[PDB]
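Just one chain follows, in the form deposited in one PDB entry, and it is written as C-alpha cells.
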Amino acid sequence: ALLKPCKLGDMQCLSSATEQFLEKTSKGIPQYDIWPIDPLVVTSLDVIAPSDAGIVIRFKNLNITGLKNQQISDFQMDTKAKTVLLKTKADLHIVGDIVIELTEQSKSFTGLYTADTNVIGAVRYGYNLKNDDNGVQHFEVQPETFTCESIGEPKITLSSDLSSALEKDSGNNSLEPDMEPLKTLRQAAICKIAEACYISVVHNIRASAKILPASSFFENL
C-alpha cells in the first residue's frame, strides 16, 4: 500500500494521498521503477541563454530537495475527455556543478551553483483505462505537457572563485543580475530545472499506474 484510494473530487483525500505517495517514493522504489524524488538528482542538463546563443550553461549532478513536500494547487480531471491537469507548489533547494561556456570567446568557468525558489509546476496529460493480460485494470498515462507557470524569486549563488573569474572577465567588482549569465541562471535555467523535476514527478505517477490497479487511485470511475 503506497496508495490511499480517493473518491473523485475529494481534494482533502487527494492531498493526504499525495503526502503519503511522495514520502513512500522519496528515495525511489526500484522494483516498481519509481525514481527517487527527494532528494532528486539530475545527471546532466544543458540550457542555452534564450537571449544569447553563445552562452551555454551545463549543469551536472544537481541535488534537488523539496519535492516530497509539494502541495496540490490545482487538479482538473475530466473523466470524459480522459485528461488530467495537475499544478503543484514546491519549495526547491538546488545545488550542483555548473559549467558556463562563453563559446564566442572560447572561455569557460567551472563551479558550484546554488538555487532556492518556490515554483509552480503545471502538467497536463491524457490517459486511457486498460486491462492487463491478468485482467486487472490500469491507468495508462500518456506523455505529459509541462509549463513552468511560476519560477518565484530565485536566490542564486555561485562559488567564490567562479564569481571572481566572471568579475575579472566582465570587469565589474560584483556579479550582475541584469546581465549574463545571472539572467539565465535566475530564469530559463530555473524553468528547465523545474521541468526535469516534474518529468520525474510525472514518470513516477506513470510508473506506479502500470503496477497498481486503477481502483487504488480512485474508487468509482
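What we label the rigid core is the largest C-alpha set whose atoms superpose within 1.5 Å from one form to the other. Numbering starts at 1 and runs along the sequence shown.
In what follows, reference is made to the form deposited in another entry, a form of this protein that is not presented.
Enquirer: Superposing on the rigid core, which residue among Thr157, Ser26, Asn69, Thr65 shifts its Cα by at least 2 Å between the shown form and the other one?
Expert: It is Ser26.
Enquirer: After the core is overlaid between the shown form and the other one, has the C-alpha of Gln142 moved by 2 angstroms or more?
Expert: No, shifts by less than 2 Å.
Enquirer: Considering a change of 3 Å or more, are the Cα atoms of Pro39 and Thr25 closer or farther in that other deposited form than here?
Expert: Closer is correct, given that in that other deposited form the C-alpha spacing of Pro39 to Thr25 is reduced by at least 3 Å.
Enquirer: Mind checking the CA-CA distance of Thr25 and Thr65 in that other deposited form? It differs by 3 Å or more from this form, so is it closer or farther?
Expert: Compared with the shown chain, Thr25-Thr65 is closer in that other deposited form.
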